[PDB]
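Participant: There's a structure below that I have some questions on.
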Ligand SMILES: Cc1ncc(COP(=O)(O)O)c(CN[C@@H](CCO)C(=O)O)c1O
Ligand SMILES: Cc1ncc(COP(=O)(O)O)c(CN[C@@H](CCO)C(=O)O)c1O
């Protein structure tokens, strides 16, 4: 019945207002492969709003691997990994990932999102604590909310606040610190040396979410622990396959005993169907290419360094990024919606960040690089961005 | 750091003990397509542990649809639906699903699991209530735990308990009842007529999780509301693509205003990558076949009715199933593990249900039918089950 339900949703008017003003640009229907140009409403649009950092969703070898796995294994496994949903190729990908990030063992999940729900829900329990950077991904706050532990946020990369909040807790309790490796909003890197120093002092477990780090930082893209040389101070490396790895799903890697506990206790792996064969095979073939072909990571960073330099030279106000995410400040929700739509209509795709996710005065567009971007594409997008910022009086 | 973490996982010994006894049969690595026979360790095994109720993960038309979508769209969309992750084919599948289940609108999620997290986390809030059947799927309890509402369980299909618990709540609050349509443990159907009667009396929203219902009950498999004629009394129809639909992902369908709220407020769709093109195309092509080819559902039910009759004739103690799930009671955890492994070693795959998920005295194996099973396969599996039950002294 819908009386109270209708009242619950009644005050959500922003989408109605965006659509009526001709500003709405969510769920834009793409007609073509995710690439540096995408087709929307039959017209070409430059894509600077993607997480495919190495451009690999169009790699014909990765497409063929997926198509061959469909031929051999069909369209789905129709069960949890736990029961009838494990293939030899899931185990192969777990062994490959473990080697890549330098851990004993891994367990796959069918999404990145569920890869955080798993360890955050089932390791810390009653009388235990989870310590979260206040900017952690939504999936980390949700995972932590599914635990029976007490969840404590600390100031963004604030090691004094992390240390202070740990020092307050009972000794006879378990603690886990979970952080994004690269934080996607501003593109900044966790202070992993100080966080792990503090974790070592308080015997707290450390988990790093490397969604935006894999294929981006660390040796051959192996992530944030790899970037800092701190493999031995990180208990759990979590990653996703939806970004550099051009696919769908994720994993948690760590010590064999911890991963054995996880794979038999995490509701998001016991009670959800396993990755499709096609996604296993695309992830396996992408992981080979990231390691075998250093040019992908090199070109990503040459694009990043070029675009960042060009944006700062044209006088854009950038966030404190250390990554291929170039956050461009606008500091008005209205102007952020206007700039986003005007760029869309001029053939540039960027992502808006607005209230209530950030303060009005911190509203921004996110401009992300792919290895497959050309300097010509970057220049065309920045040319169009300068024009639209002028038109919008930012 | 690992001191407290090592202590947290220290008492979990069942997996160690199962493996040391030679009884362990979780995460069995399959080497072949999910089908009525699967290859494990190079030997053929009859599959009675699947959720592919219509056997469609091997349908060459569905494989070809997935392979063609890989060719056209690549391996992944590399973003949320919200941002850069929507394709024309996602929208097509939403329109198709809406028509199938007789609702205005749908939103896809990248798993069934996340399809429950979405509406249960964001519709009921502070001062509101969610009413859950005590046997609801784990994803429904987790979704409900992610809301800021008060979550109340009622007795399994106990309408007196549901009515009593609703009658206690403040009038000036919103309420949502969420139930499995077909409950997977015992294979029983929700009392949707009485539950919706009560929801109408208390103006409570109704959500039905049709994971095990789609392709199984209702007109041309359209699910539990369709089965009872109660489309107009159910606010939200949730389904999964991982079972009959042979794929990965899920959806929530309902009124356009509710679904518009969902797609812009549910963290599991805003902050998780969209379904792979291959999974969209396999789901679309499976949905066409379920409707166009009535023989699949017919054969599923002829297998179900045959196997159930044969099992009751051989004197097995079955659960109160109304579905292709035949729960076979064993009532000893030790015997449930032994029977499961002995059947595996004799070429029969079934799923154990044991403590702590059920009482020892309710431990059982789940025997699920597929449309593609033959009577000869069913007879061979039951022959082997009679032998193993004898050997195990059940
Ligand atoms: C009623 C209901 N609702 C939702 C789900 C989650 O859907 P999934 O994420 O597609 O697996 C399941 C998942 N069932 C299987 C997992 C494989 O689908 C299980 O619990 O073993 C379910 O039974
Ligand atoms: C740090 C981190 N951790 C986990 C996730 C979830 O991974 P996903 O389920 O593969 O999308 C994301 C998802 N990021 C995108 C969604 C598409 O990947 C977003 O929040 O818009 C993330 O940024």
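Just so it is clear, chain A uses Swiss-Prot numbers, and the residues here are 2-395, in order.
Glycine residues also receive a Cβ, built from the backbone N, Cα and C atoms like all the rest.
In case it's useful when we look at the structure, here is the feature table from Swiss-Prot:
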type: BINDING; residues: A:113, A:114, A:213, A:241, A:243; note: pyridoxal 5'-phosphate binding site
type: MOD_RES; residues: A:244; note: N6-(pyridoxal phosphate)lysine
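Can you tell me where each of these features sits in this structure?
Facilitator: In the shown protein chains, 31 other C-beta atoms lie within 10 A of the C-beta of residue A:243 (pyridoxal 5'-phosphate binding site). DSSP classifies residue A:243 (pyridoxal 5'-phosphate binding site) as coil under the three-state reduction.
In sequence order, A:52, A:53, A:54, A:212, A:213, A:215, A:216 make up the list of same-chain residues 6 or more apart from residue A:244 (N6-(pyridoxal phosphate)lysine) whose Cβ falls under 8 Å from its Cβ.
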Participant: If you measure Cβ to Cβ, which of the recorded positions A:114, A:213, A:244 are under 8 Å from chain B?
Facilitator: A:114, A:244
Participant: Tell me, how many other CB atoms lie within 10 A of the CB of residue A:241 (pyridoxal 5'-phosphate binding site), whichever protein chain they belong to?
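Facilitator: 29, counting other Cβ atoms within 10 Å of residue A:241 (pyridoxal 5'-phosphate binding site).
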Participant: Tally every other Cβ atom lying within 10 Å of the Cβ atom of residue A:114 (pyridoxal 5'-phosphate binding site).
Facilitator: 31
Participant: Within 10 Å of the Cβ of residue A:113 (pyridoxal 5'-phosphate binding site), how many other Cβ atoms can you find? Include all protein chains, please.
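Facilitator: That number is 27.
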Participant: Measure the Cβ-based neighbour count of residue A:213 (pyridoxal 5'-phosphate binding site), defined as the other Cβ atoms within 10 Å of its Cβ.
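Facilitator: Taking every protein chain into account, the count is 28.
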